[PDB]
Amino acid sequence: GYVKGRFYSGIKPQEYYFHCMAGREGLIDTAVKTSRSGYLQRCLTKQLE
DNA sequence: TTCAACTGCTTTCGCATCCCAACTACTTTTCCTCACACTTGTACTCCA
């Protein structure tokens, strides 16, 4: 998966497929990120009100 | 001096049995159109 191609000249189909793998690894991490810090701040602000 | 159930909490707006009907039947509603049995003379002779 070492892409020697550049976006100016376009990338080959093998290295097009690996670059779609790196494009989905960030989008799946947002998909596991539903509700994280909304209840941490509520617990602090109720005591420290 | 510990095991095991009862325990409230993850966000931030807005999105998002009874009834009905089918078709074919049979029937009622009545009103209209005539016949079927009875009877006295008259006719054709009947017996006097």
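Below, each value reflects all heavy atoms present in this structure, side chains not excepted, and no hydrogens, waters or symmetry copies. Proteins get letters first, then strands, A, B, ... in listed order; numbering begins at 1 in each.
- Under the 5.5 Å centre and 30° plane thresholds, the six-membered base rings of B/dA43 and B/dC44 are judged not to be stacked.
- Sugar pucker of B/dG8: south, since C1'-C2'-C3'-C4' comes out negative.
- Sugar pucker of B/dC26: south, since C1'-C2'-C3'-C4' comes out negative.
- Between the side chain of A/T30 and the backbone N or O of A/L27 there is no donor-acceptor pair closer than 3.5 Å.
- As rounded to the nearest Å, B/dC15 and B/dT11 have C1' atoms that lie 15 Å from one another.
- Within a heavy-atom distance below 4.0 Å of DNA chain B, the residues of residues 37-46 of chain A found are A/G38, A/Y39.
- In B/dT33 the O4'-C1'-N dihedral to the base is more than 90° from 0, which defines an anti nucleotide.
- North is the pucker class for the sugar of B/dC20, given a positive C1'-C2'-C3'-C4' value.
- The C1'-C2'-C3'-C4' dihedral of B/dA43 is negative. Its furanose therefore counts as south.
- Between A/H19 and A/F7 there is a side-chain heavy-atom pair separated by less than 4.5 Å.
- Clustering ILVMFWY residues whenever any of their side-chain heavy atoms sit less than 4.5 angstrom apart, transitively, puts A/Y2 in a cluster other than the one holding A/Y16.
- The ring-ring contact (aromatic ring centres under 6.0 Å, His included) check on A/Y8 picks up nothing, with sequence neighbours excluded.
- Adjacent in the strand, B/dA21 and B/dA22 form a stacked pair, their six-membered rings being closer than 5.5 Å at the centres and less than 30 degrees apart in orientation.
- Taking 4.0 Å as the cutoff to heavy atoms of chain A, we find the contact window on DNA chain B bounded by B/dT10 to B/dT11.
- Neighbours B/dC9 and B/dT10 do not stack on each other, since their six-membered rings do not meet both centres under 5.5 Å apart and planes tilted under 30°.
- In this structure, CD1 in A/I11 is found 13.5 Å from OH in A/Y17, a value given to the nearest 0.5 Å.
- Sugar pucker of B/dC18: north, as indicated by a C1'-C2'-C3'-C4' torsion of positive sign.
- Residue A/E15 comes nearest to A/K4 through the heavy atom pair OE1-N, 3.7 Å, listed as atom of the first residue, atom of the second, then distance.
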